[PDB]
């Protein structure tokens, strides 16, 4: 389908309503590394089995959380391009599943959001690095660290100050323990943005004060469950305040080079000085490497989804065409 447009009415409202009750997972219900999408699936804003179209994901993040349209479009089509089935137009918000339909040829993985090093990556707040064996399940130890950082820097709440300290802590923990730690290009960008999301989108819209309480935080992060009487944010937003997170501990993009404590800056990486390069590399390297010589039908689906991705790209970037026009 076409990317949905912005909300007609972007007011704060009850989103934990009669039509969107929380339900526990049934056998085969897929939850993944994103507490946002997990919660929308667990409240039936998305299909409850965690397999969705890009249009369903965009509508769900807007209606359920008041995620802004451009960010919704960028993230959804980026995720779909690397993790989703472009022919069936289905994306798993977690594990690889036959429910996304017949697979494209290798090297494309269609691994869902669980696929490491496409969208999902290292130094997640409440999920472990893939190197440690699980990049998608809620981790009580990591969450307890989030609670401790909220106690120390947020007066018991998660806010942008906490995000800044925790984002840096999780990077230093990956540097110290993950010899395969990667923090470049797409992951470098999204890792910073995702730390603002709890402060911008998990805070009840009637307060919208950027102070997330730990009960609400656990309910989203662990149980994919809106607080009772949860109001979505009172206006469209995504990553506002990311500048505060970055400013706390400015980092260069880089990777461990096969050993712990070997963090080596990558001058080829995009950073916040080159946002258009992040887009260009995502398309010319990441997407193109999954689909280097696509057949007629995949080429058309790639070109359509690449146009949709570009609609999410901040104005001032030149669209790139790895498969021509």
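Residue numbers count along the first chain shown, from 1.
- Just going by the entry, 180-188 versus 97-105 on mean CA temperature factor gives the higher value to 97-105.
- Relative to one another, 299-307 and 313-321 have unequal mean CA B-factors, and 313-321 is the one with the higher figure.
- Which of 289, 56, 66, 256 has the largest Cα B-factor in the deposited entry comes down to 289.
- If you compare the C-alpha temperature factors of 114, 219, 124, 88 in the entry, 88 comes out highest.
- In the deposited entry, the Cα temperature factor of residue 294 sits in the top third of values across the chain's modelled residues.
- The deposited CA B-factor of residue 265 belongs to the middle third of values across its chain.
- Among all modelled residues in its chain, residue 274 ranks in the highest third by Cα B-factor.
- When the CA B factors of the chain's modelled residues are split into thirds, the value for residue 145 lands in the middle one.
- Among the modelled residues of its chain, residue 237 has a C-alpha B-factor that falls in the middle third, as given in the PDB entry.
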